[PDB]
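Asker: This is the structure I want to talk about, given as structure tokens.
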Amino acid sequence: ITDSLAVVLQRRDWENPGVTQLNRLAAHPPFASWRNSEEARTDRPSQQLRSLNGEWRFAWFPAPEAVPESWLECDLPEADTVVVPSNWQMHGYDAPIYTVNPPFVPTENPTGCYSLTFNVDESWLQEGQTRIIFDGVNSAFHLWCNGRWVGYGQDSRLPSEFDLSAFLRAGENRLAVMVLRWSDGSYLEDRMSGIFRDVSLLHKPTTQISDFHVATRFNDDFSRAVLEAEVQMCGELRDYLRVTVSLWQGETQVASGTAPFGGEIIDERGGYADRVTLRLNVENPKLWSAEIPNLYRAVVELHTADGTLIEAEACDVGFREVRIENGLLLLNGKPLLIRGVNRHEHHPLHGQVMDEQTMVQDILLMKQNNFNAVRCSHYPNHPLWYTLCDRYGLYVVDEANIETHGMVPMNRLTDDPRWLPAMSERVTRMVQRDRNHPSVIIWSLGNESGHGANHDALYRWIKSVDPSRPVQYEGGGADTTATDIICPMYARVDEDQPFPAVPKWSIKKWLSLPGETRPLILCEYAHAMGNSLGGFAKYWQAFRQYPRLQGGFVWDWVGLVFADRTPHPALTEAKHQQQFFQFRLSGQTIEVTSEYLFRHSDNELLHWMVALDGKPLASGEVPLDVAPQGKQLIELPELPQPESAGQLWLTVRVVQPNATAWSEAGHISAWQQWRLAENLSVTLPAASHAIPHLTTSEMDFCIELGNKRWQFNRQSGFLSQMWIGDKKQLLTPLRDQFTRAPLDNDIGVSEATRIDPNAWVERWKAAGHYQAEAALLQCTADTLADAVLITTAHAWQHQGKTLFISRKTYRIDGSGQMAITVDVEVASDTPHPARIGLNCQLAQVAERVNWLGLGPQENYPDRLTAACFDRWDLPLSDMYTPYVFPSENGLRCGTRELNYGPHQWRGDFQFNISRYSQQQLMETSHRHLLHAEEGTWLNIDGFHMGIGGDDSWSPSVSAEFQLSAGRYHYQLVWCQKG
Amino acid sequence: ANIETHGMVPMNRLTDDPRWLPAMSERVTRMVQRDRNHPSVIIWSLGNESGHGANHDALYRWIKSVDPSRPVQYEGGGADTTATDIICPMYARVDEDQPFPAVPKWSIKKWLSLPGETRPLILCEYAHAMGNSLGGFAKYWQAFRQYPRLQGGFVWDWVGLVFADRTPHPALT
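If you're matching them up, the sequences are chains A and B in order.
Per PDB author numbering, the first sequence runs over residues 3 to 101, 109 to 199, 204 to 571, 605 to 1024.
Per PDB author numbering, the second sequence runs over residues 413 to 571, 605 to 618.
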């Protein structure tokens, strides 16, 4: 018959861009079909919305032409039971991976056959309309109900609704869903097939609310608002039908309106008889923002003239105005600063199935790290996400599910009018679904699809239908006519990237180009792959200095956190750079500037502390009373002035004494540190009575002092062994190190098969930095009046070229201390080294690492503003960052003192300490393959290269963070317990 | 024009007074009447350091009516008033803002991109050459070459960059 798979799978609707759906209902805001208005007002669950999530029968087939006809009537015997909201590649049916003919898809199209057997009660079948809703099905699908074909759907990321009234019988019914892995829609979504979102049954009355959308208008000072609500009905029109729209603040009704159906005259033929526009006046409305997410409840009742209710719908309403004025994006008249992050829908252990608790955890983490905006990365999200962003407060950019980055002209589809219908569906249905949410402030036309005329047409469509929101689009150079905002991807603060026909100007230069008036917000910046986010403070200095630089979205929230939502160290950096209080020090006065636009600092307390080399001396706490965008002066008490040598540090932090909806009591939101005053140590070490004794064989230099011994290998010139009593302290000799295990930013997109030679790791490998051999040049050993002096000279050579020369002096005096001075010259023509330091493997393993230096968390020369100077004590495992792909990690900069076991190192250095060598980190592909080595590897660097982070496919370490000086000096004193 | 009232304490006390409009108008109109035929003259300047009054706007409009072939520039009242076709700051810096009250000296890069600003920027005075000076000149010229609407400037005091006997200062190199 006509419902057999032979007839249905004959036109190949999945290989036709002109067919994106069959028998699919219109798009609309989410509906519950409440039959009592009190349940709609309180958002209570509706008896008319029945979830079909749960156990479904599933079968897998290599191609759609391999499914037996009997599947249409009876469930297959070998079918496996699954939970329907899921991806079938989480169950071992076909292999998904991360990674040609625009209309055609491969003939071997993996096919999932879902089926459900369910009861429909008689009341639903007696009257009204029953529909099935698929919140998301990846690629395309065909639907059968009790063996009769219903319809066809595409656009995985938006709901597909089908009228099931004529197909449902009494009692048991069977739904059969054939889901294809690829369709023509895959060319706009350029894996992970299946029914990955919720499946529901909705019952509406015969006459019903088919649509409704709300808008807010304000006077000049936002003290008066008009809420306009347009309501569309479908069904049989009657003269007694009424629509009431009521607005509620809590349990208090603030406005209400009622009217029959029939709108104003639109043109010569009249108006809409099935539509009604109600206008509600709200005096002094509580405005919605991310800082204070004030919400109202709008209840739309379709009833009769006498008063019996037919059906009720409801939504949350936020009174807020978004507009671009004089080149500035304003919310409620104030210029926004977007502290945004890009976020994909990725469950920690369920693929693309997003549940409520994961969303709440993510929102809490983002708000706790000073994010106020989120970008729906390249497709519309679960509808619950927008509700949660309304309720907690987060600016949302809603993005159409259009992504054609694989195209070689890259606008081949988006400049073709034959693809205009498919793109128009993906834009219009998203706008029709999500236009009522106050959190959604910007529409995005999609991601990386070039710039065609379809983009301009859809941009103009959105501007006509919804003028309340700006439209942004990155594509064709991030500044085309299809965007209201210049929205570059990974443009840099100061350095231009003049690519042909799509240059990435520096954002400062981009703002001032001839004729350019628009605000600039980066849709993607600060790529967080691996050990990254160097140079973030430069971006935020630019954001705060330039009015039309209004922020951006950091790429990949999850990423800034691990899959289990464990935070990356760079997240701390972001939290510090995006904090809402800026601090200035002048003498003994702290100026606190609030970066809040709307809220007073009513839950803010300023704690301060003064410390000398990590030892606290004075502290206090001052309540903050700062108006939005205002300033508060805090005069400090007379600060201590110690006579003891050391450097005075003043730390201030902002604490929230009370808990909020998103933070616990005592939450730290902002902080800042200053150097107050330094006293130089002029006290001399008391002269010792003993003198270290030197013994010289041809093999080694041996120095003895009490129970301590130092042995230098004369063949190699390096300190080879150390003895306390009779215990050897070293496993590997202390030797110069100029390389690091490459980071994701060092590697770039360089591949073993496809080498990119501009990458840092490629330049280091070609120069022979990893294969350079140390050759001893001079070695002298002398006894002074009160010490022993060892001097060595080493040259590193590769293929006849000297890359580095290291000259070192070792002074061992009568107190047991060993001072090491290192002077290194680097050839100007070799690539700048990743580091200049010393490396050794300590024989003993200790539980704790103590250090007077910067920050508790890993910090680097170009990512260290969020670290504070103090005395830190951590477990050894806390000194290693478990990046998925192993690399150099765990460095602590600005370190004056390091204590590990019985060993102390003093000076001015960076260090990392771990159980993994740089060699093992380089040669291990995944972090689970790492194995702890016998002792502790210590890397003490005098100098270290920046890590970059602007992007991960080109060098991004700024010149001020490269080791280009050519000559380098450092000193470190090594002593033991005594 | 030979208009310079930098000693005034409101500093636009004379140039905002209509009783001084005739005297200023003579100094502007007679200069334009004398020098309008020279091809080397490409920009008219309304004077130096006189605040910003309504007389400046009136004389700017006069020049635009009489001689539309040349742009009119004026530093005064913040170097970006309605009496100038060019943002012409005095000694504004490449990267560091100097936010003085009511006459801020923005960084030139920031000055270009202020909301609503469309004009080119040319510094009428920069790189003060008193004594051993001209450090940071390369920063100015890196900014000039990077930014299209940063179109250069005039170094202060040719003679100065040279001594009185025209012997060259090292910074001239």
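Built from N, CA and C at the ideal position, the CB exists for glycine as well.
#1: Does any residue of chain A have a CB that is nearer than 7 angstroms to the CB of B:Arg561?
#2: Are there 16 or more other CB atoms within 10 angstroms of the CB of A:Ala805, so buried, or fewer, so exposed?
#3: Go ahead and label A:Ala413 buried or exposed: buried means 16 or more other beta carbons lie within 10 angstroms of its beta carbon, across all protein chains shown.
#4: Are A:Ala841 and A:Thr848 closer than 7 angstroms when you measure CB to CB?
#5: Hey, is the stretch 338-350 of chain A in contact with the stretch 318-330 of chain A, meaning 3+ C-beta pairs nearer than 8 angstroms?
#6: For my contact list, A:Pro32 and A:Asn55 are in at a C-beta cut-off of 8 angstroms; report their separation, rounded to the angstrom.
#7: Use the C-beta contact count for A:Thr116: other C-beta atoms within 10 angstroms, 16 or more gives buried, fewer gives exposed.
#8: Can you find a C-beta in chain A that's less than 7 angstroms from the C-beta of B:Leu535?
#9: Could you check what DSSP says for A:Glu334 in three-state terms: helix, strand or coil?
#10: Taking A:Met420 as part of the beta strand (DSSP E), name the residues at either end of that continuous run.
#11: Using a Cβ distance threshold of 8 angstroms, determine whether the stretch 521-528 of chain B contacts the stretch 521-528 of chain A, with at least three qualifying pairs required.
#12: In chain order, what residues of the same chain lie with their CB nearer than 7 angstroms to the CB of A:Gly988, ignoring the 5 residues before and after it?
#13: Could you please give me the residues that DSSP links to A:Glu681 through a beta bridge?
#14: If A:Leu835 and A:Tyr856 are in contact, beta carbons under 8 angstroms, what's the gap, nearest whole angstrom?
#15: Going by DSSP, name the residue or residues bridged to A:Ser457.
#16: So what does DSSP say about A:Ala268, is it helix, strand or coil?
#17: At the level of alpha carbons, what is the spacing between A:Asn38 and A:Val239?
#18: Less than 7 angstroms separating the beta-carbons of A:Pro393 and A:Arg166?
#19: Please list the terminal residues of the continuous alpha helix (DSSP H) segment that includes A:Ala228.
#20: Rounded to the nearest angstrom, what separates A:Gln965 and A:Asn791 at their Cα positions?
#21: Can you pull the chain B neighbours of A:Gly340, defined as C-beta to C-beta under 8 angstroms?
#22: With distances taken from CA atoms, which of A:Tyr906, A:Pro112 and A:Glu249 is nearest A:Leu426?
#23: From which residue to which residue does the alpha helix (DSSP H) around A:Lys754 run?
#24: Determine, for A:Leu679, whether the minimum Cβ-Cβ distance to residues of chain B falls below 7 angstroms.
#25: May I ask you to list, following chain order, the residues of the stretch 539-559 of chain A that have a beta carbon less than 9 angstroms from some beta carbon of chain B?
#26: On the DSSP bridge list, what partners appear for A:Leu315?
#27: Using a C-beta to C-beta distance shorter than 9 angstroms, which residues of chain B count as neighbours of A:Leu920?
#28: Let me know if A:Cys500 comes out buried or exposed under the rule of 16 or more other beta-carbons within 10 Å of its beta-carbon.
#29: I believe A:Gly814 touches A:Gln887 by the beta-carbon criterion, under 8 angstroms. Please report the beta-carbon distance rounded to the nearest angstrom.
#30: Strictly below 7 angstroms CB to CB, what residues from chain B border A:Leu524?
#31: What are the start and end residues of the beta strand (DSSP E) that includes A:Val870?
#32: Could you pull the start and end residues of the alpha helix (DSSP H) that A:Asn896 belongs to?
#33: Take A:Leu562 as the anchor and find which of A:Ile534, A:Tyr538 and A:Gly543 has the nearest alpha-carbon.
#34: Quick one: Cα of A:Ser762 to Cα of A:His977, how far?
#35: Our contact map puts A:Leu679 next to A:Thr635 with C-beta atoms below 8 angstroms; I'd like the distance itself, whole angstroms only.
#36: Roughly how many whole angstroms lie between the Cα atoms of A:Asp469 and A:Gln12?
Answerer: A quick look at the data gives this:
#1: Residue numbering aside, residue 561 of chain B sits at position 149 when the second sequence is read from its first letter. So, interface residue.
#2: On the first sequence, position 759 is the one that residue 805 of chain A refers to. So A:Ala805 ends up on the buried side.
#3: Here residue 413 of chain A refers to the residue found at position 400 of the first sequence. A:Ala413 comes out buried.
#4: Counting from 1 along the first sequence, the entry for residue 841 of chain A is found at position 795. Counting from 1 along the first sequence, the entry for residue 848 of chain A is found at position 802. In this structure, A:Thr848 lies closer than 7 angstroms to A:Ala841 by Cβ.
#5: Touching, no, given that fewer than three Cβ pairs across the two stretches are closer than 8 angstroms.
#6: Numbered from 1 along the first sequence, position 30 holds the residue referred to as residue 32 of chain A. Numbered from 1 along the first sequence, position 53 holds the residue referred to as residue 55 of chain A. With a beta-carbon spacing of about 16 angstroms, A:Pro32 and A:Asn55 fall beyond the 8 angstroms limit used to define contacts.
#7: If you number the first sequence from 1, residue 116 of chain A lands on position 107. That one is exposed.
#8: The residue labelled residue 535 of chain B in the question sits at position 123 within the second sequence. Not a single CB atom of chain A sits nearer than 7 angstroms to the CB of B:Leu535.
#9: Here residue 334 of chain A corresponds to residue number 321 of the first sequence, with the count starting at 1. In the structure shown, A:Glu334 sits in coil (DSSP, three-state: anything other than H, G, I, E or B).
#10: Position 407 of the first sequence, counted from the first residue, corresponds to residue 420 of chain A. Unbroken run through A:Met420: none, as it is neither H nor E.
#11: Contact between the stretch 521-528 of chain B and the stretch 521-528 of chain A is established, with three or more Cβ pairs separated by less than 8 angstroms.
#12: Taking the first residue of the first sequence as position 1, residue 988 of chain A is located at position 942. These residues qualify, in order along the chain: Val868, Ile882, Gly883, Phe955, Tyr1014 and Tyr1016.
#13: As a first step, residue 681 of chain A is located in the first sequence; it is residue number 635 there, counting from the start. Partner(s): A:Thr635.
#14: Translated into positions along the first sequence, residue 835 of chain A becomes position 789. Translated into positions along the first sequence, residue 856 of chain A becomes position 810. Contact annotation, A:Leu835 with A:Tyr856: C-beta distance approximately 7 angstroms; criterion of less than 8 angstroms satisfied.
#15: Working through the first sequence from its first residue, we reach residue 457 of chain A at position 444. Bridge partners of A:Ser457: A:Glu412 and A:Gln485.
#16: Here residue 268 of chain A refers to the residue found at position 255 when the first sequence is read from its first residue. Of the three classes helix, strand and coil, the one that applies to A:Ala268 here is strand, per DSSP.
#17: In the first sequence, residue 38 of chain A corresponds to position 36, counting from 1. In the first sequence, residue 239 of chain A corresponds to position 226, counting from 1. Here the alpha carbons of A:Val239 and A:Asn38 stand approximately 26 angstroms from one another.
#18: Within the first sequence, residue 393 of chain A is the residue found at index 380, counting from 1. Within the first sequence, residue 166 of chain A is the residue found at index 157, counting from 1. A contact, by the Cβ cut-off of 7 angstroms.
#19: Position 215 of the first sequence, counted from the first residue, corresponds to residue 228 of chain A. Note, A:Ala228: premise wrong, no alpha helix (DSSP H); beta strand (DSSP E) at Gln221 to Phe231.
#20: Along the first sequence, one-based indexing puts residue 965 of chain A at 919. Along the first sequence, one-based indexing puts residue 791 of chain A at 745. Whole-angstrom Cα-Cα distance: 18 angstroms.
#21: As a working note, residue 340 of chain A is residue 327 in the first sequence. Close to A:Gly340, with beta-carbon spacing below 8 angstroms, are these residues of chain B in chain order: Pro527 and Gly528.
#22: Looking up residue 426 of chain A in the first sequence gives position 413. The shortest C-alpha separation from A:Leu426 is found at A:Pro112.
#23: The sequence position of residue 754 of chain A within the first sequence is 708, counting from 1. Looking at the DSSP string, A:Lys754 is not in any alpha helix (DSSP H); the run it does join, the beta strand (DSSP E), is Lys754 to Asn759.
#24: As a position in the first sequence, residue 679 of chain A is number 633, starting the count at 1. Not one beta carbon of chain B lies nearer than 7 angstroms to the beta carbon of A:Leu679.
#25: Within the stretch 539-559 of chain A, the qualifying residues are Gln558 and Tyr559.
#26: Counted from its first residue, the first sequence places residue 315 of chain A at position 302. Residue pairing by DSSP puts A:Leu315 in a beta bridge opposite A:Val256 and A:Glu324.
#27: Within the first sequence, residue 920 of chain A is the residue found at index 874, counting from 1. Using a Cβ-Cβ cut-off of 9 angstroms, A:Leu920 is close to nothing in chain B; its nearest Cβ partner there is about 38 angstroms away.
#28: Taking the first residue of the first sequence as position 1, residue 500 of chain A is located at position 487. Buried: at least 16 other Cβ atoms inside 10 Å.
#29: Taking the first sequence and counting its residues from 1, the one referred to as residue 814 of chain A is at position 768. Taking the first sequence and counting its residues from 1, the one referred to as residue 887 of chain A is at position 841. Between the beta-carbon of A:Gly814 and that of A:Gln887 there is about 24 angstroms, and that puts the pair past the 8 angstroms contact cut.
#30: In the first sequence, counting from the first residue as 1, residue 524 of chain A sits at position 511. Residues of chain B passing the Cβ test: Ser525.
#31: Stepping through the first sequence from its first residue, residue 870 of chain A is reached at position 824. Per DSSP, the continuous beta strand (DSSP E) segment holding A:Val870 begins and ends at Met864 to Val872.
#32: Your numbering for residue 896 of chain A matches position 850 in the first sequence. Taken as a continuous stretch (DSSP letters only), A:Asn896 belongs to no alpha helix (DSSP H), being part of the beta strand (DSSP E) at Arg894 to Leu900.
#33: Taking the first residue of the first sequence as position 1, residue 562 of chain A is located at position 549. Looking at the Cα atoms, A:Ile534 is the closest of the given residues.
#34: Along the first sequence, read from residue 1 onward, the residue named residue 762 of chain A stands at position 716. Along the first sequence, read from residue 1 onward, the residue named residue 977 of chain A stands at position 931. Linking A:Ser762 to A:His977 through their CA atoms gives a straight-line distance of about 29 angstroms.
#35: Looking up residue 679 of chain A in the first sequence gives position 633. Looking up residue 635 of chain A in the first sequence gives position 589. Contact holds; Cβ gap of about 6 angstroms.
#36: Along the first sequence, read from residue 1 onward, the residue named residue 469 of chain A stands at position 456. Along the first sequence, read from residue 1 onward, the residue named residue 12 of chain A stands at position 10. Rounded to whole angstroms, the separation of the alpha carbons of A:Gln12 and A:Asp469 is 35 angstroms.
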